[PDB]
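Chains S and P supply the protein sequences, listed in that same order. Residue numbering for the first sequence follows the UniProt record's numbering, starting at 112 and increasing by one per position. Residue numbering for the second sequence follows the UniProt record's numbering, starting at 22 and increasing by one per position. Only one structure is covered here, and it is reproduced in the block below.
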Amino acid sequence: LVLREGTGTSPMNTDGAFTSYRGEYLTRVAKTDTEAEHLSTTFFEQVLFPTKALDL
Amino acid sequence: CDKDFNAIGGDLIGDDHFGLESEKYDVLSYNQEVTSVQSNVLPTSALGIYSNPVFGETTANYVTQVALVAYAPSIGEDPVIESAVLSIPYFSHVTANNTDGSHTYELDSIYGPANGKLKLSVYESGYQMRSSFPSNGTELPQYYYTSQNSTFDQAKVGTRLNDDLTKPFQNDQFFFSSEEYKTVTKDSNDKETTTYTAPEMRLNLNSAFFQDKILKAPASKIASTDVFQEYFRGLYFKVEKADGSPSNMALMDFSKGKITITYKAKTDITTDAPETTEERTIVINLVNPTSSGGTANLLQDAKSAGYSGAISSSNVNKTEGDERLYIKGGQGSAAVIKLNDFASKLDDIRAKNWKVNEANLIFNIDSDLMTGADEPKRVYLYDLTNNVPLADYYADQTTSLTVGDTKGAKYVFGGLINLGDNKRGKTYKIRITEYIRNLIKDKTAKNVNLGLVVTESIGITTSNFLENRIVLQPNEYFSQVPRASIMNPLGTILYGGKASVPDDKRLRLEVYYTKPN
Ligand SMILES: *C(=O)CCCCCCCCCCCCCCC
């Protein structure tokens, strides 16, 4: 999903990107006796203030 | 048993076909002031005020980034801070083992009077520091200069943390002490544990500040290093002259400094579930100056009349040279040395098949001018054009004779002070045999500019950049300075190579040749 498009250049698939991200993983949870089956997203990593570029 | 020599009949043997002689060449040496230099990766920093009778007074400050040993900590429920102590170990050596355990230490690397006192102020920095920053497609490094004291001083929040007025030895009357801080704990079921700690800088910081900054802070601010460093930007150390007392400066290793916060939480409980409390401790370590670029040494110097006049651009002659060379560490000055005379005759030296036995540069100290001031223990000569060590430095693998003296290594290369019977410096001799040999042996080699500057350790051969490069000549620049020079706060005065200087004290290159005939 592209919420907003930048006003600059675009990095290559092998270039370094200076960005902040918040990741979460999707895991289907088994339907329990009292709770029905659903999807849950658990947080694992986040970088609010980037310091070094990440090689893509 | 016929391996002994004798001195009978030497006149009967014929003469050899080589002539061992020495030649003297003039050198062009002038002074070059060192403007704001990079103080971001200095292994050792200075904190205090040093008053030099000849060079002047220098004030050294320090700014560093703080970090947590373990991020995303579990402080506990209902935390109550008990104490916040900052400890920075001092360079000290045990001098006399005493009875009843304990020890007696003597502070090392302390410059200035032993009775000096300074007004120490520890503030919370409000200026975010970074090690690198993206640019127009490149990741450039971040540099903090010695002249950025105003930027860090203006962006400081609140008042000094060391605000315990009950102890004036930690603020307004601070002095580098040498106590052993004896501690006894009867926690061994009743038995005591007499534990001793080497001399260190112990300061009691505002407990209320750390209560809400860490113990009562949102978990989103101490989850990682990036967020924490943005929250707690760092610590700023400011020094001022104490009321009615001299000032001294000391070189410290802030990489081992840390502030431990001792508090009491409600314990994991759930078994007894009472209002009981447990003792907990969190450590806020200071960032490492070598592994991080979030540390700067703010060095401000009040150059004296003589020193400022000699290094001024109006009193420097780049054609003939300077009669006196003022080389000082830190944000001081250096000397540009050019072997123009040798280069002019280099064509004839290589045509006569002459070989170089040894080449040396002897710098004579001006004892009359350099009186009453501490003298540097060693000087360093490098290549100013390529900003790399000379070939002689790498070719010398000698180690200091004294065991454990890594600072006196490479004695063949030179640079060590030659003290006289009066315990005062007399001269510095540097051997550049390999550099001269390459010039005559290799025709494509070019005579590069040489720079002389004080050095703290011969091992540290890295270089620090200047905020603004200086234009020595049309296409010649002075952009970097040895890193070991910034750490040394001392300086020395040497005789220049001007033709007006007496031949016995004038600086000149002496080359010993093996003239084959
Ligand atoms: C210092 O030079 C001390 C004298 C060296 C040793 C003397 C003995 C030399 C042995 C020579 C043997 C020659 C051959 C013997 C039979 C063929």
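C-beta atoms are modelled at their ideal positions from N, C-alpha and C, and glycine is treated no differently.
Around the Cβ of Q53 (chain P), are there at least 16 other Cβ atoms within 10 angstroms (buried) or fewer (exposed)?
-> Counted from its first residue, the second sequence places residue 53 (chain P) at position 32. The residue in question, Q53 (chain P), is buried, as its Cβ has 16 or more Cβ neighbours within 10 Å.
Does ligand 1 have a heavy atom nearer than 6 Å to the CB of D23 (chain P)?
-> Mapped onto the second sequence, residue 23 (chain P) falls at position 2. At least one heavy atom of ligand 1 is nearer than 6 Å to the Cβ of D23 (chain P), so yes.
Interface flag, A128 (chain S) vs chain P, CB-CB below 7 Å = Within the first sequence, residue 128 (chain S) is the residue found at index 17, counting from 1. No, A128 (chain S) lies away from the interface with chain P (no Cβ there is under 7 Å from its Cβ).
Which full runs of the alpha helix (DSSP H) of 4+ residues lie inside the region 363-425 of chain P, going along the chain?
-> List check, alpha helix (DSSP H) in window: 367-372 and 412-416.
If you measure from the beta carbon of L167 (chain S) to each beta carbon in chain P, is any gap under 7 Å?
-> To locate residue 167 (chain S), count along the first sequence from 1; it is residue 56. Not an interface residue.
Which residues of chain A have a Cβ atom closer than 7 Å to the Cβ of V113 (chain S), listed in chain order?
-> Looking at the structure shown, chain A is missing, and the protein chains on hand are S and P.
Over the uninterrupted beta strand (DSSP E) stretch that includes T448 (chain P), give me the two end residues.
-> The sequence position of residue 448 (chain P) within the second sequence is 427, counting from 1. Secondary structure note for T448 (chain P): its beta strand (DSSP E) is the uninterrupted segment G446 to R452.
Quick one: list the residues of chain S neighbouring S152 (chain P), beta-carbon separation under 9 Å, in chain order.
-> Working through the second sequence from its first residue, we reach residue 152 (chain P) at position 131. Chain S residues near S152 (chain P): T162 and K163.
Evaluate contact between the region 393-408 of chain P and the region 472-479 of chain P, counting only Cβ atoms and requiring at least three cross-stretch pairs below 8 Å.
-> Judged by Cβ distances under 8 Å, the region 393-408 of chain P makes contact with the region 472-479 of chain P, as three or more pairs qualify.
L159 (chain S) at chain P interface by Cβ criterion, 7 Å = Within the first sequence, residue 159 (chain S) is the residue found at index 48, counting from 1. Yes, contact with chain P.
For the candidate residues P:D442, P:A331, P:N407 and P:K234, whose alpha-carbon lies nearest to that of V178 (chain P)?
-> For the purposes of this step, residue 178 (chain P) is taken as residue 157 along the second sequence, with counting starting at 1. Here the closest residue by C-alpha is P:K234.
Where do the N-terminal and C-terminal ends of the alpha helix (DSSP H) with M508 (chain P) fall, by residue?
-> Stepping through the second sequence from its first residue, residue 508 (chain P) is reached at position 487. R504 to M508 is the extent of the alpha helix (DSSP H) around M508 (chain P).
Indicate whether at least one CB of chain S lies closer than 7 Å to the CB of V248 (chain P).
-> Taking the first residue of the second sequence as 1, we reach residue 248 (chain P) at position 227. With 7 Å as the cut-off, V248 (chain P) counts as an interface residue toward chain S.
Under 7 Å Cβ-Cβ, which residues of chain S neighbour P155 (chain P)?
-> Counted from its first residue, the second sequence places residue 155 (chain P) at position 134. Near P155 (chain P) (Cβ distances below 7 Å), the residues of chain S are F129 and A164.
What does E160 (chain P) reach in chain S if we use C-beta pairs closer than 9 Å?
-> Residue mapping note: residue 160 (chain P) aligns to position 139 of the second sequence, counting from 1. Simply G127, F129, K163 and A164.
Coil, strand or helix - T172 (chain P) by DSSP = Walking along the second sequence from the start, residue 172 (chain P) turns up at place 151. Under the three-state reduction of DSSP output, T172 (chain P) falls in the helix class.
Residue span of the alpha helix (DSSP H) that contains residue 591 (chain P), given as start and end = Only positions 22 to 538 of chain P appear in the structure, and residue 591 (chain P) is not among them; the question remains open.
Give the residues of chain S in contact with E251 (chain P), contact being defined as C-beta atoms less than 7 Å apart.
-> One-based indexing of the second sequence puts residue 251 (chain P) at position 230. Those within 7 Å of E251 (chain P) in chain S are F160.
Identity of the residue in P:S123, P:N459, P:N470 and P:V522 nearest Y498 (chain P) by Cα | Residue mapping note: residue 498 (chain P) aligns to position 477 of the second sequence, counting from 1. Answer by Cα proximity: P:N470.
Cut-off 6 Å between Cβ atoms - residues of its own chain near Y71 (chain P), not counting five sequence neighbours on either side = As a first step, residue 71 (chain P) must be located in the second sequence, where it is residue number 50. Only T79, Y132, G133, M270 and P510 meet the Cβ criterion.
Keeping to the same chain, check which residues put their C-beta closer than 6 Å to that of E44 (chain P); ignore five residues upstream and five downstream.
-> The residue you call residue 44 (chain P) lines up with position 23 of the second sequence. In its chain, beyond the 5 residues on either side, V532 have a beta carbon closer than 6 Å to the beta carbon of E44 (chain P).
Using DSSP with H/G/I as helix, E/B as strand and the rest coil, what is residue 558 (chain P)?
-> Given a span of 22 to 538 for chain P in the structure shown, any question on residue 558 (chain P) remains unanswerable.
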